[PDB]
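We did not get these values from a lab; they are worked out from the coordinates using the rules stated. Quick reminder, even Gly has a Cβ in these numbers, built from the backbone with ideal geometry, and neighbours come from all protein chains shown.
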Amino acid sequence: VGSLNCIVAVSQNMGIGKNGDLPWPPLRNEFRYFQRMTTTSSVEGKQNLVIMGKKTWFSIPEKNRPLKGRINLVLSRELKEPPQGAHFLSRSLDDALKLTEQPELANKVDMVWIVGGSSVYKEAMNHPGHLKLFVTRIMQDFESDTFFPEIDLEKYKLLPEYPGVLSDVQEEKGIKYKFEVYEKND
Ligand SMILES: NC(=O)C1=CN([C@@H]2O[C@H](COP(=O)(O)OP(=O)(O)OC[C@H]3O[C@@H](n4cnc5c(N)ncnc54)[C@H](OP(=O)(O)O)[C@@H]3O)[C@@H](O)[C@H]2O)C=CC1
Ligand SMILES: CCc1nc(N)nc(N)c1C#C[C@@H](C)c1cc(OC)cc(-c2cccc3cnccc23)c1
């Protein structure tokens, strides 16, 4: 694996979660963007891998688990096997990435997407090598109990535009947001 991707939507006050769900009402096109980015493989015959923490797994409505069209991996130190419906379980991000190279997954994974929550993002963003962060900036404060770590501009550059990502401010249900892409190479 030569590259990792993180994807997150975050409020102006750095919130990503409230009470096991999103802090804001459902935004259909923002969800479709999440679906498109995490699902689209560039290699016919391979699927992308999604890596998430345990609470994020359980925040997905049961009827939609595992996330369709993607290999679902859950991180937990306490669990001894994957939650029902999840494809894989690892004790750390490092263990998850090594798994991609073992025989079960060897030629099955295209891109790797980190989909939260807070501690998974923190570790991934510090992982060596090339990383892209797809950050949706929800331009309103929302009451939250789970937060996104601040992006270190010593490491990450905000890319001005990016192929495949809309640049203009979006609006759904009266909530303005914008898609950002950050990158580090090392
Ligand atoms: N706005 C957004 O883009 C997103 C929002 N969310 C929201 O965030 C909240 C859930 O996220 P959060 O509360 O941060 O919890 P997590 O999804 O990160 O789950 C936490 C648990 O995951 C395991 N875990 C987390 N990080 C690691 C790690 N780096 N290595 C090994 N195991 C790890 C641990 O499990 P154990 O205790 O078993 O060891 C930990 O207790 C929900 O409200 C959800 O709706 C989540 C993702 C995205
Ligand atoms: C806020 C949605 C979102 N946006 C971005 N840009 N990045 C993200 N990581 C997320 C997210 C998220 C997680 C927590 C999440 C929550 C959630 O609550 C309902 C649903 C999904 C999800 C992801 C993919 C397909 C799904 C199909 N059905 C239900 C849920 C699906 C995924």
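Please compute the volume of the convex hull spanned by the alpha-carbon atoms of the stretch 1-79 and report it per residue in Å³.
Spelled out: Cα convex hull of the stretch 1-79, divided by residues, is 143 Å³.
May I ask for the Rg/Rh ratio of the chain, computed from Cα atoms with Rh as the Kirkwood radius, given to two decimals?
Values: Rg = 15.9 Å, Rh = 16.9 Å.
Rounded to two decimals, Rg over Rh is 0.94.
Starting from the amide H of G53, placed 1.01 Å from N in the peptide plane, find each other amide H under 5 Å away whose residue is 5 or more places distant or on another chain.
So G53 has HN proximity to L75, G116, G117.
GNM, the chain, Cα, under 10 Å: largest mean-square fluctuation among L89, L97, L133?
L97
Give the long-range amide H neighbours of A9: residues separated by 5 or more places, or on another chain, with amide H under 5 Å away, using H modelled in the peptide plane at 1.01 Å from N.
Excluding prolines and chain starts, which carry no amide H, the hits are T136.
Could you give me the ³J(HN,Hα) list for the stretch 3-18, computed from phi with Karplus coefficients 6.51, -1.76, 1.60 and θ = phi - 60°, whole Hz, x at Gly and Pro?
7, 10, 10, 10, 9, 7, 10, 9, 7, 4, 8, 6, x, 10, x, 8
Quick one: of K54/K176; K55/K98; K55/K80; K98/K184, which pairs are farther than 27 Å apart, Cα to Cα?
Among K54/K176; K55/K98; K55/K80; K98/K184, the Cα-Cα distance tops 27 Å for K54/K176.
Please give the FRET efficiency for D21 paired with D152, using the beta carbon to beta carbon distance and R0 = 25 Å, rounded to the nearest 0.05.
Working: r = 28 Å, r/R0 = 1.12.
According to the calculation, E is roughly 0.35.
Any idea what the dipole of the chain comes to, in debye rounded to 20, about its Cα centre with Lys/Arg Cβ at +1 and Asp/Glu Cβ at -1?
So the magnitude is around 480 debye.
Could you please report the charge total around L159, scoring K, R as +1 and D, E as -1 over all other residues with beta-carbon less than 9 angstrom from its beta-carbon?
So the environment of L159 carries a net charge of -1.
Can you show me the helix-derived [θ] at 222 nm for the chain, built from DSSP H runs with n ≥ 4 at -39,500 (n - 2.57) apiece and divided by the number of residues, rounded to the nearest 500.
When only DSSP H runs of four or more count, the value is -5000 deg cm²/dmol.
Around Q140, which amide H atoms from residues at least 5 apart in sequence, or from another chain, sit under 5 Å from its own amide H, with H modelled in the peptide plane?
For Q140, the qualifying residues are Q12.
So, in Å, what gap is there between the alpha-carbon centers of the stretch 123-158 and the stretch 53-88?
22
Based on alpha-carbon atoms only, what is the radius of gyration of the stretch 79-184 relative to the globular estimate 2.2 N^0.38 Å?
Rounded to two decimals, the normalised Rg is 1.28.
Taking the number of other C-beta atoms within 10 Å as the exposure measure, put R28, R91, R137 in order starting with the fewest.
Fewest to most other Cβ atoms nearby, the residues stand as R28, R91, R137.
Just how large is the dipole of the stretch 103-177 about the Cα centre, in debye to the nearest 20, putting +1 at every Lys and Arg Cβ and -1 at every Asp and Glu Cβ?
Rounded to the nearest 20 debye, it is 220 debye.
Could you give the nm distance between label points at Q12 and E62, where each point is 7 Å from its Cα heading toward the beta carbon?
3.8
If you line up the long axis of helix 28-39 against the longest principal axis of the chain, both from Cα atoms, how many degrees apart are they, to the nearest 10?
Result, in degrees: 30.
Quick one: net charge around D141, please, counting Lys, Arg +1 and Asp, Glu -1 for every other residue with C-beta under 13 Å from its C-beta.
That sum, taken over residues with Cβ under 13 Å, equals +2.
Could you give each residue of the stretch 136-142 its phi-based ³J(HN,Hα) in whole Hz, using Karplus coefficients 6.51, -1.76, 1.60 with θ = phi - 60°, and x for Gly or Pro?
Whole-Hz 3J(HN,Hα) from phi for the stretch 136-142: 8, 8, 7, 8, 8, 6, 9.
Around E78, under 13 Å between beta carbons, what's the net of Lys plus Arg minus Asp minus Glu among the other residues?
On the way: positive: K54, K55, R77, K80, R91; negative: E81.
Cβ neighbours under 13 Å give a net charge of +4.
Residue by residue, what Karplus-based ³J(HN,Hα) values in Hz, rounded to whole numbers, does the stretch 77-83 have, using 6.51, -1.76 and 1.60 with θ = phi - 60° and x for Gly and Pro?
My calculation for the stretch 77-83 gives 8, 8, 6, 9, 8, x, x Hz in order.
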